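We place every Cβ from the backbone using ideal geometry, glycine too, and count neighbours over all the protein chains shown. Rule-based calculations on the coordinates, nothing more; no lab input.
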Amino acid sequence: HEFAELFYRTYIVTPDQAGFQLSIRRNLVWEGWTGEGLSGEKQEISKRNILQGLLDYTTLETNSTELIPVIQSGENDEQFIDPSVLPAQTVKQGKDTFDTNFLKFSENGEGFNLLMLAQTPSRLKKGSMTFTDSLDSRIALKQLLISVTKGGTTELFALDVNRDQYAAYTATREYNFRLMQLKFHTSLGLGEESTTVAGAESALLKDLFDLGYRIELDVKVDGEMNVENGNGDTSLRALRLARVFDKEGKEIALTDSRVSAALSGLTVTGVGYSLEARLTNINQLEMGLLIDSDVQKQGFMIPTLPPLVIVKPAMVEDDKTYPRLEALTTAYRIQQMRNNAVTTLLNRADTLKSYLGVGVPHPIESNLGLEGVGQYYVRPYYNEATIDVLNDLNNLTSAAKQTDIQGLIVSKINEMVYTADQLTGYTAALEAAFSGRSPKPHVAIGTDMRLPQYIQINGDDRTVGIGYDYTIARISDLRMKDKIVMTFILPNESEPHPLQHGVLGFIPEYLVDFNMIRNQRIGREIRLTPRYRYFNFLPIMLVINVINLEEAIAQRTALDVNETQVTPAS
Amino acid sequence: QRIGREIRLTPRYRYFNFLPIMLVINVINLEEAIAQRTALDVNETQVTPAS
C-alpha cells in the first residue's frame, strides 16, 4: 500500500533488460599533480569536490605569488631578525613549505631587497628571476612586532596593523618613475584584555590591567619601497609611552602615583615587521586551481525470487478448497509490497548506525561501503534520539495534557528536521542539482498506527515546519512499535536521482498453468514467480524513539521547581 | 614543451570598513532546552531560621 510507495518509488522495467546502469557527473578542483606527464596528468591523488566548498570555508582559497620572505640559512640571515628573540614559525605557500619569522629594521646600513628574499624553492626550478617580479599597486604592513621589557623577562606582541588608517604605502612622486614610501606614525593602543602572541595574557601589565587601564604608544616608522627592483628600506624612529586613560575614557597623567608605580621599569623597543606585497605578473606563471571532471558508472542487477506454487487434484473443479486467483495475487501483494520493504528499511537503519555513528556528519565523497550515488551530492548524516514523555512534559491542567504532549513531540520533530537540513546541506545541494525550480525539501513520516492520533492536531500551525511538505504514513506491522523514521524524498519526479531515497526494481511476471505428472499423479498447477528488488540511494535518515507515553498520560507529574537557594547552602 | 589553451581570471576586489560599531550576540545550548523540561527557578524567602 501507501507506506512502501512513499519510500521506494516504483520503476517499471521491460523484461528485456535485467538491470540498469547509472552514470553521474561531478566537477573537481585540485592542486598540481605529482611530477609531470607530457599531456598534463589525469586522475591523481588528493581530489576535492567544489560543492563541498559552499559549506567549507577554506578549500578554494589560494595564495600563490605572495611576496613572502623565505629563509636560506647562511645567505640571507643578516637581513632577518635574530632567531633568539622570536623562533622561526613554519608557513605554507602553494605546494611549498618554508620558514619565515620577521624582517629586521634598517637604520644606517644597506637596504634590503624584498624580491631576492622571496626566492622560494618552487621558483628556482621554474627559473631564476630576470624580469619576472614586479611589485604590485599596493605595499602595506601586515603585522608589527614590539617588545616590552621589565627586568630580564620580555614578552612579544605583534600588532595586526593591516587595514588601519595609516599603514598603507602611499606614492611619493619624486626621484624615480615608480617610487613608493611609507608614512606610518600614529597612536596604536594596547587594550586591557588583549592577549599576547602564542596565546595567554601578559605577565607584565596585570597590575595596570586589573585597574581597568590601558596604554597608549606613540610609534614613528618611515620607509621606502621600489616597485621596479625590490630596493627598499624602513627605519624605526619613535616608540614610547604617551597616554594612559581610565576605564571611562578620560586621561590620567603619567606622573600619578598609581600610574607611575605600574609603569615603573617598563620600556618599549621595536624589533621587526613584515610586508604584505603581492606580485603583479602581467606575463603570468601560476597553476591556480585546476578544474576537471569525472564520471562513475555503477551497475544494478534485478534478481528472481522463489516461485509461489499451487497444486490441486483436477478431475473436477473446486472453489472453496482453493478459491479463485485472488489468493495468489493477495499473497504476492502482501509479500512484496509490505514486509520486504520494511525489512530493507530497518536494515538500512542498522547499517547507517554502523557506518556513520550518531550525530557526526562526513564530508562529500566519503566512504564506499554505503549503497547509492546519494553520497556524491549530500554529506552523509545519521542521528537518533529518544523522548521521555514522563520527564519532558509541562502540565498545569489535566484538560490539556494531550496538547502539551503533541507540542513536545512536534517541537522535537521540527528541531530534528531543521538541524538535519542545516548540517547535511540538502537544500543547497537541491538547488544545485536542478535549476529551473526552487522547491522546498519534503519530509517523509513513517510510524505505527497508534502515534498519528497524537501527531495530528490544529493547535500548532506547524507540524514538520514552515514550507515543508510532508506525508504521514501508517503501517500495521509489529516491527514499527513506537518508532518514527524521517527521510527527505522527492515528491514528484519518478526516475532515479542521487536525491531519490529509493527505487523499486520491478519486472512484470505472468502466471503459468498446465498439467504436470510427477510420480504418476495428474493435477493442474498454478505458478507465480516474483521479480523485484528494493534499491536504496539517499544516505540521510532521522529516527526518533517515543517511549513511556502511557504512564505520562495516566499520571499527574512534574512541576519543575528549582528553589534557588537564598538559603545558605550555595 | 606542451601546448594547450589556458584561461585565467585575475580578480581585483576588497572590502573596506567605515562605521566602528558592531554588536554580537551568541545563542548556545539550544537543543537541550528545546528537548528538555525547564521551569520556575524559584527562591525560598527564608521563613525557616537561617537569617
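The figures follow:
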item: Test for A:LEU352: is it within 13 Å of another protein chain (Cβ to nearest Cβ), assigned to a helix (DSSP H, G or I) and in contact (Cβ under 8 Å) with a residue 24 or more places away in the chain; result: no
item: Any pair with Cβ under 8 angstrom, 6 or more apart, that starts in the stretch A:545-570 at a residue that is more than 10 Å from chain B (Cβ to nearest Cβ) and ends at one that is surrounded by fewer than 10 Cβ atoms within 10 Å (Cβ to Cβ) and not β-branched (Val, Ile, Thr); result: A:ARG556/A:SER398
item: Qualifying residue in the stretch B:28-41 (condition: over 30 Å from A:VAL389 (Cβ atoms), exposed (fewer than 10 other Cβ atoms within 10 Å of the Cβ) and of a type outside the set (A, V, I, L, M)); result: no
item: Odd one out for A:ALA420 among (1) over 20 Å from A:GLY465 (Cα atoms); (2) touching a strand residue (DSSP E or B) at 6+ places or on another chain (Cβ under 8 Å); (3) of a type in the set (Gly, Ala, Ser); result: (1)
item: Residues located in the stretch A:268-287, provided they are under 25 Å from A:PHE105 (Cα atoms) and loosely packed, with under 13 Cβ neighbours inside 10 Å; result: A:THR269
item: Some residue of the stretch A:27-37 being under 21 Å from A:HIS501 (Cβ atoms) and either part of a loop (DSSP other than H, G, I, E, B) or in contact with a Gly (Cβ under 9 Å, 6 or more places away or on another chain) (or both); result: no
item: Residues (crowded, with 19+ Cβ neighbours inside 10 Å and farther than 16 Å from A:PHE3 by Cβ) located in the stretch A:471-496; result: A:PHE488, A:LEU490, A:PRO496
item: Filter result (in contact with a strand residue (DSSP E or B) (Cβ under 6 Å, 6 or more places away or on another chain) and part of a loop (DSSP other than H, G, I, E, B)) within the stretch A:38-58; result: A:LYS47, A:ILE50
item: Contacts under 6 angstrom Cβ, first residue in the stretch A:270-293 being more than 30 Å from A:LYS42 (Cβ to Cβ) and within 10 Å of chain B (Cβ to nearest Cβ), partner exposed (fewer than 13 other Cβ atoms within 10 Å of the Cβ) and of a type in the set (S, T, N, Q), 6 or more apart; result: none
item: Residue check for A:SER411: of a type in the set (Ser, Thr, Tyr), surrounded by fewer than 20 Cβ atoms within 10 Å (Cβ to Cβ), closer than 29 Å to A:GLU551 by Cα and within 14 Å of chain B (Cβ to nearest Cβ); result: yes
item: Some residue of the stretch A:119-142 being over 30 Å from A:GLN284 (Cβ atoms) and either among the small types (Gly, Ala, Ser) or touching a residue at least 12 places away in the same chain (Cβ under 8 Å) (or both); result: no
item: Candidates A:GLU415, A:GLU431, filtered to the one that is out of contact with any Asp or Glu (no Cβ under 6 Å at 6 or more places or on another chain), free of Cβ contacts under 8 Å to residues at least 24 places away in the same chain, more than 19 Å from A:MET541 (Cβ to Cβ) and charged (D, E, K, R); result: A:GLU431
item: Filter pass, A:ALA341 being hydrophobic (A, V, I, L, M, F, W, C), within 32 Å of the chain's Cα centre (by Cα) and either assigned to a helix (DSSP H, G or I) or within 14 Å of another protein chain (Cβ to nearest Cβ) (or both); result: no
item: Selection within the stretch A:108-141 - under 18 Å from A:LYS220 (Cα atoms) and either surrounded by fewer than 17 Cβ atoms within 10 Å (Cβ to Cβ) or of a type in the set (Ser, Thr, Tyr) (or both); result: A:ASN108
item: Subset of the stretch A:378-398 [touching a residue at least 60 places away in the same chain (Cβ under 8 Å), assigned to a loop (DSSP other than H, G, I, E, B), more than 14 Å from chain B (Cβ to nearest Cβ) and not charged (D, E, K, R)]; result: A:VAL378, A:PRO380
item: Looking only at the stretch A:506-548, and only at residues there that are among the aliphatic types (A, V, I, L, M) and within 27 Å of A:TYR426 (Cα to Cα), the one that is farthest from the chain's Cα centre (by Cα); result: A:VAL546
item: Evaluation of A:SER274 against (1) under 26 Å from A:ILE139 (Cα atoms); (2) among the small types (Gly, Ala, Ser); (3) in a loop (DSSP other than H, G, I, E, B) (one fails), failing number; result: (3)
item: Of all residues making up the stretch A:434-461, the number that are closer than 18 Å to A:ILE540 by Cβ and either within 14 Å of chain B (Cβ to nearest Cβ) or among the basic types (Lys, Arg) (or both); result: 1
item: Residues located in the stretch A:432-481, provided they are small (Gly, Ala, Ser) and over 17 Å from A:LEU345 (Cα atoms); result: A:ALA432, A:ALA433, A:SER435, A:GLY436, A:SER438, A:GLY459, A:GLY465, A:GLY467
item: Unmet criterion (only one of (1) under 23 Å from the mean Cα position of the chain (by Cα); (2) over 30 Å from A:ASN394 (Cα atoms); (3) more than 9 Å from every other protein chain (Cβ to nearest Cβ)) for B:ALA33; result: (2)
item: Matching entry among A:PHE105, A:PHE7, A:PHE20, A:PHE3 (being closer than 21 Å to A:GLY230 by Cα, touching a residue at least 40 places away in the same chain (Cβ under 8 Å) and surrounded by 14 or more Cβ atoms within 10 Å (Cβ to Cβ)); result: A:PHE105
item: Evaluation of A:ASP460 against (1) part of a loop (DSSP other than H, G, I, E, B); (2) over 22 Å from A:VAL389 (Cα atoms) (one fails), failing number; result: (2)
item: Any hit, the stretch A:283-292, residues being under 26 Å from A:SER147 (Cβ atoms) and either not aliphatic (A, V, I, L, M) or not in a loop (DSSP other than H, G, I, E, B) (or both); result: no
item: One residue from A:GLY359, A:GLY369 being within 13 Å of chain B (Cβ to nearest Cβ), surrounded by fewer than 19 Cβ atoms within 10 Å (Cβ to Cβ) and either in a loop (DSSP other than H, G, I, E, B) or acidic (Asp, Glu) (or both); result: A:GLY359
item: Per-region count, the stretch A:59-74, residues of a type in the set (D, E, K, R) and either touching a residue at least 40 places away in the same chain (Cβ under 8 Å) or not in a loop (DSSP other than H, G, I, E, B) (or both); result: 1
